[PDB]
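There is one chain below, alone, in structure tokens, taken in the form deposited in one PDB entry.
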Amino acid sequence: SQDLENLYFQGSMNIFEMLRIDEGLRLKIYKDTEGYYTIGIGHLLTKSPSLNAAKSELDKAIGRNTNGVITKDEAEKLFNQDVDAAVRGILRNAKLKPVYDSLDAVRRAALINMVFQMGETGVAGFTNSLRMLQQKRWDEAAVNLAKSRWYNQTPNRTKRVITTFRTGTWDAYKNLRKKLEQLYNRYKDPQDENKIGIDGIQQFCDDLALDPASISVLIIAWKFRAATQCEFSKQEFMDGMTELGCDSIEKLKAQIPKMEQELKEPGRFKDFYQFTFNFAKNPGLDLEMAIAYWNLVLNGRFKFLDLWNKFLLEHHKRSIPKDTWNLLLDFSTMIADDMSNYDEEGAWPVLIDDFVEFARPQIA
């Protein structure tokens, strides 16, 4: 019924794939800018602050125990309900219905795209452009659309949607995809088409003029939501580049400072810092790998980083578990210069309790 097999008569390119590119696709529950649990393409799950509530809503919708993770197809099914609702709203809108009806399927998708971005009221203010679309005056419509604040706000997306109105083709999307594919092919593993391996990751850093071992590259992996350090999947590369709005190394190079500035927000750094643990280990974290990554991410934040290094080098080798990783940031953020405000009854890991004692000689 909601079976995507019901849509197999359509084109492979569709409004879903369009918005997957223009708005992005998350396959795991995340919080939106307003802090609400969301999944797929901007599908609100609940306003409830409870993640379990979010997951129950998702299971109701998907029809299985999702654990808050869905497939792309499932995301499309959620999205398809959203689209149907949006289209019904278009059809209720005196200002949009005529244009919508007049349009072919590809251009409807462009219109639906505009409604998703800016809402019916937003789209309905494009009175002239809409009229031109209605009149099949595509070039004029295209020109007029480009004069707008919309275009200024999101030029990459807007130019794609406008190209869609202008041509009635998916050419903007096919072109973007092709460009990323040709880019990707520069880095893909010769023996596994669907990932970038060690050599490709080097080449990628080389093209970015980055030390493979620098924090910038970790920050990029974080933005690309990469799963693990040893490889870089096609999906991660494509979703990353699309999400960051980059179709070139040139463009991605430019984004890196912007990712750094994002890390100035403590919540965002927390996300990054905790991401790092997951990314670093093999599917706890090897102490040597932990130290390496700690030296990268805590440099300049953790006032006791050098001591921490010394402490861990003298301390008998042991795996680092997630909560130990996680809490070190809390420590680092909390702790006074002389550690005088340390709470030995704050349930810190034993490693951090140990560290505080070990650090007393340097403190004094």
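Note that residue numbering begins at 1 and tracks the sequence as displayed. Here, rigid core means the biggest group of C-alpha atoms that superpose within 1.5 Å across both forms.
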Does the comparison with other PDB entries of this protein show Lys31 lacking coordinates in a third or more of them, where both adjacent residues are built?
no
Compared with other deposited entries of this protein, is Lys322 missing coordinates in at least a third of those that cover its neighbours?
no
Missing residues, deposited sequence, between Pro257 and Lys258 (class: none, 1 to 3, 4 to 9, 10 or more):
none
Higher avg CA temperature factor (326 to 334 vs 36 to 44, as deposited) belongs to 326 to 334
Would 74 to 82 or 258 to 266 have the larger average of its C-alpha temperature factors, as given in the entry?
258 to 266
When the entry's CA B-factors for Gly168, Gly125, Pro155, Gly284 are compared, the highest one belongs to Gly284
Listed options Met114, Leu244, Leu91, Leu133: highest C-alpha B factor recorded at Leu244
Using only modelled residues of the chain, where does the Cα B factor of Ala280 rank: lowest third, middle third or highest third?
highest
Select lowest, middle or highest to describe the third in which the CA B-factor of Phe9 falls within its chain in this entry.
middle
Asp189: CA B-factor among chain residues, third -> highest
Using the B-factors in the PDB entry, rank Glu57's C-alpha atom against the chain and give the third, lowest, middle or highest.
middle
Would you mind ranking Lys179 by its C-alpha B-factor against the rest of the chain and naming the third, lowest, middle or highest?
middle
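Another form, the form deposited in another entry, is not on view; read the next lines as being about it.
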Superposing on the rigid core, which residue among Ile29, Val297, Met339, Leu329 shifts its Cα by at least 2 Å between the shown form and the other one?
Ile29
Once the two forms are fit on the core, has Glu74 moved its CA by at least 2 Å between the shown form and the other one?
yes
Establish whether a shift of 2 Å or more occurs at the C-alpha of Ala213 between the shown form and the other one, with the two forms superposed on the rigid core.
yes
